[PDB]
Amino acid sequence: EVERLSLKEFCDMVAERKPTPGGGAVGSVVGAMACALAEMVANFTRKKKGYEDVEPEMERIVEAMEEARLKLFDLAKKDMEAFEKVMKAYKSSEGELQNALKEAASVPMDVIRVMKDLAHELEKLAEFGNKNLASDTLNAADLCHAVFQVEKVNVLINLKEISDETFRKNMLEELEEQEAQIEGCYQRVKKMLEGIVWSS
């Protein structure tokens, strides 16, 4: 579905006077690209002398980043579907709407979980990955973090419409935790890698 879109196409659609692909969707797509950088760094670390005792770990990441893209591309589709379903219920019962709102809120939540995974891998890559691609790792950390920010906003815009208090308190809780994991990894990756910007 979504991956088969060209970059110009996907953009034009975001740009369009339609609400179909919104921020959340874009976030997933960005996340997917961030996973690709992590995959690149992992690839450039396997089959490399000096990094052979972390090769098991590198092939493991490659495989995870492959699977994360598939998830993220799926979550972009869901985000657009979820939005249709909510909008196509603003005028139906409060039973159906409340439930649609829940599903919709779950989508960015899920994107964030993938981001939590990406962050943890970027931490492993910062530390054990190929030193000459630190830039690409850092780049991926910066995008990772933004995606998290994007999706957090999308999680909260949805929550505020949901009347079920416990569902809100829960999701908010999960959000809080994913945030901490992601911030932590992010800051560590930045701290570990900031020097590449001046040291050759």
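So that there is no doubt, residue numbering starts at 1 and follows the sequence shown.
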**OP:** Look up the CA B-factors in the entry and say which stretch, 85-93 or 108-116, has the higher mean.
**Re:** 85-93
**OP:** On mean C-alpha B-factor from the PDB entry, just flag whether 173-181 or 13-21 is the higher one.
**Re:** 13-21
**OP:** Would you mind checking which of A32, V150, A141, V54 has the top Cα temperature factor in the PDB entry?
**Re:** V54
Subject >> Third of chain Cα B-factors occupied by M58 >> reply: highest
**OP:** Check where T45 lands among this chain's C-alpha B-factors and tell me if it's the lowest, middle or highest third.
**Re:** highest
Subject >> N132 - Cα temperature factor, lowest/middle/highest third of chain >> reply: middle
Original post:
Which third, lowest, middle or highest, does the CA B-factor of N158 fall in along this chain?
Top reply: middle
**OP:** Check where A126 lands among this chain's C-alpha B-factors and tell me if it's the lowest, middle or highest third.
**Re:** middle
